[PDB]
Amino acid sequence: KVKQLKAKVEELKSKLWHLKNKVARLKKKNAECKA
Amino acid sequence: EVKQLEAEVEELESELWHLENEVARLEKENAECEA
């Protein structure tokens with residue numbers, strides 16, 4: 001069990017990092033176009 | 001452990017949900033500004 005979870009925890013952390021990176025990019029691109 | 005990891009999984013999943021909503025919004029803000 002603890003293994004399977006640790007596994008999910010890790011998969012979730014990586015997806016979170018990818019999404020924050022994508023969000024930081026869209027905000028910067030949206031700022032750029034706006035002004 | 002187990003309880004600790006389920007909480008962790010729960011907390012990562014929530015944060016992802018918010019980011020997924022934000023990504024979806026930002027992408028649309030971007031499509032409009034550029035279209």
# chains A, B, ... in the order shown; residues from 1 in each chain; ligands from 1

call {"tool": "closest_atom_pairs", "arguments": {"of": "chain A", "to": "chain B", "cutoff": "6 Å", "atoms": "only C-alpha atoms", "output": "JSON lines"}}
result
{"residue": "A:2", "atom": "CA", "partner": "B:2", "partner_atom": "CA", "distance": 5.8}
{"residue": "A:9", "atom": "CA", "partner": "B:9", "partner_atom": "CA", "distance": 5.6}
{"residue": "A:23", "atom": "CA", "partner": "B:23", "partner_atom": "CA", "distance": 5.9}
{"residue": "A:30", "atom": "CA", "partner": "B:30", "partner_atom": "CA", "distance": 5.4}

call {"tool": "write_last_selection", "arguments": {"atoms": "N, CA, C and O atoms", "output": "PDB file, in the first residue's frame"}}
result
ATOM      1  N   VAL A   2       1.524   1.529   1.123  1.00  0.00           N
ATOM      2  CA  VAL A   2       2.393   2.694   1.209  1.00  0.00           C
ATOM      3  C   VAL A   2       3.190   2.923  -0.081  1.00  0.00           C
ATOM      4  O   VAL A   2       3.411   4.065  -0.475  1.00  0.00           O
ATOM      5  N   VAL A   9       1.593   9.959  -5.042  1.00  0.00           N
ATOM      6  CA  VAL A   9       2.093  11.220  -4.531  1.00  0.00           C
ATOM      7  C   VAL A   9       3.117  11.816  -5.477  1.00  0.00           C
ATOM      8  O   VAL A   9       3.079  13.011  -5.788  1.00  0.00           O
ATOM      9  N   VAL A  23       1.022  27.513 -16.366  1.00  0.00           N
ATOM     10  CA  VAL A  23       0.245  28.665 -15.912  1.00  0.00           C
ATOM     11  C   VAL A  23       1.118  29.920 -15.939  1.00  0.00           C
ATOM     12  O   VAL A  23       0.684  30.982 -16.397  1.00  0.00           O
ATOM     13  N   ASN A  30      -0.430  35.995 -21.948  1.00  0.00           N
ATOM     14  CA  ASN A  30      -1.647  36.794 -21.928  1.00  0.00           C
ATOM     15  C   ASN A  30      -1.338  38.236 -21.564  1.00  0.00           C
ATOM     16  O   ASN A  30      -1.989  39.145 -22.055  1.00  0.00           O
TER      17      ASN A  30
END

call {"tool": "residues_around", "arguments": {"residues": "residue 14 (chain B)", "least_positions_apart": "6", "cutoff": "12 Å", "atoms": "only C-alpha atoms", "output": "PyMOL selection string"}}
result
(chain A and resi 12-13+16) or (chain B and resi 7-8+20-21)

call {"tool": "write_last_selection", "arguments": {"atoms": "C-alpha atoms", "output": "compact mmCIF listing (two decimals), in the first residue's frame"}}
result
# COMPACT_ATOMS: atom_id res chain seq x y z
CA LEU A 12 0.87 14.16 -8.60
CA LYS A 13 3.87 16.33 -7.64
CA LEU A 16 1.62 19.92 -10.40
CA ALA B 7 -3.92 13.29 3.20
CA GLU B 8 -0.97 14.28 1.01
CA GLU B 20 -6.53 22.78 -14.15
CA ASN B 21 -9.34 25.30 -13.81

call {"tool": "atom_distance", "arguments": {"atom1": "CA of residue 34 (chain A)", "atom2": "CA of residue 35 (chain B)"}}
result
11.7 Å

call {"tool": "atom_distance", "arguments": {"atom1": "CA of residue 32 (chain A)", "atom2": "CA of residue 17 (chain A)"}}
result
22.7 Å

call {"tool": "atom_distance", "arguments": {"atom1": "CA of residue 14 (chain A)", "atom2": "CA of residue 31 (chain A)"}}
result
25.9 Å
